[PDB]
Structure formats: C-alpha cells, structure tokens
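# What the coordinates show
Chain by chain, the residues run as shown.
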Amino acid sequence: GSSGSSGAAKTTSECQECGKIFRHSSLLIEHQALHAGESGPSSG
Ligand SMILES: [Zn+2]
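Residues numbered from 1 in each chain as written, not as in the entry; some residues may be left out. Heavy atoms only, no water.

- Listed under the method field of the entry is solution NMR.

Here it is, written out as structure tokens:
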C-alpha cells in the first residue's frame, strides 16, 4: 500500500495513477493508455 513511492532515489517515469515505475517515459506512455477508460479517484 503506497509503499516506497520514490523508486530508486531518482526521478523516474512512475505511473502516479497506479504506481508503476518505467525505465523510459515511452514505456509509461503506452502503459497509461491502458488506464484511459475508468474514472480516477478525484483527490483535489
Ligand atoms: Zn498506471
């Protein structure tokens, strides 16, 4: 549960929607697409 929300002590392309770290943005770009559909938990 929201464990280690940092990665490897360095700015990475981690999905803030779920929390999946991706080497290069690209990887995350294709991953995010999967999300496109459901409604995210509006936090504010
Ligand atoms: Zn995601």
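From this point on, the discussion continues.
### Brief notes about the overall build of the chain
- Check the secondary structure of the chain and you find one helix and zero strands.
- With the C-alpha coordinates of the chain rotated into their principal frame, the extents come out at 30 × 25 × 15 Å.
- Looking at the chain as a whole, 14% of its 44 residues are labelled buried.
- Within the structure as shown, the chain displays about 3,900 Å² of accessible surface, and the carbon and sulfur contribution to it stands at 47%. (Helix = DSSP H or I, 4+ residues; strand = E, 2+ residues; numbered from the N terminus. Buried < 20%, exposed > 50% of the residue type's maximum accessible area, 1.4 Å probe, protein only. Areas by Shrake-Rupley, 256 points an atom, 1.4 Å probe, with all protein chains shown as cover.)

### Thoughts on the coordination of the zinc ion
- Distances from the zinc ion to its protein donors, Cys15 (SG), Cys18 (SG), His31 (NE2) and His35 (NE2), fall within 1.9 to 2.4 Å.
- Given four donor atoms and angles of 101 to 119 degrees at the metal, the environment of the zinc ion is assigned as tetrahedral.
- Read from N- to C-terminus, the donor residues coordinating the zinc ion fall into the pattern C-x2-C-x12-H-x3-H. With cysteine 18 in the segment before α1 (25-35) and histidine 35 in helix α1, this residue pair connects regions lying 17 residues apart in the sequence. (Donors = N, O, S within 2.8 Å, 3.2 Å for Na, K, Ca; no water. Tetrahedral: all angles 85-135°; square planar, octahedral: opposite > 155°, others 65-115°.)

### Structural notes on the side chain of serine 13
- For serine 13, the location among the structural elements is in the segment before α1.
- Owing to a relative accessible area of 14%, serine 13 belongs among the buried residues under this scheme.
- A polar atom in the side chain of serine 13 sits 3.2 Å from the backbone nitrogen of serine 25.
- The contact partners of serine 13, leaving out residues within four places of it in the chain, are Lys20, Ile21, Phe22, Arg23, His24, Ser25 and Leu28. (Polar contact = N/O pair within 3.5 Å; in protein donor to acceptor, adjacent residues only side chain to side chain. Contact = heavy atoms within 4.5 Å.)

### Points about α1
- Residues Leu28, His31 and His35 constitute the buried set of α1. Along α1, the residues classed as buried sweep out an arc of 70 degrees about the axis, all on the same side. Seen from the open side of α1, the exposed residues pointing more than 90 degrees away from its buried face are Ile29 and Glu30.
- Downstream of α1 by one or two residues, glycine 37 has phi in the positive range, about 160 degrees. (Arc of directions from axis to C-beta.)

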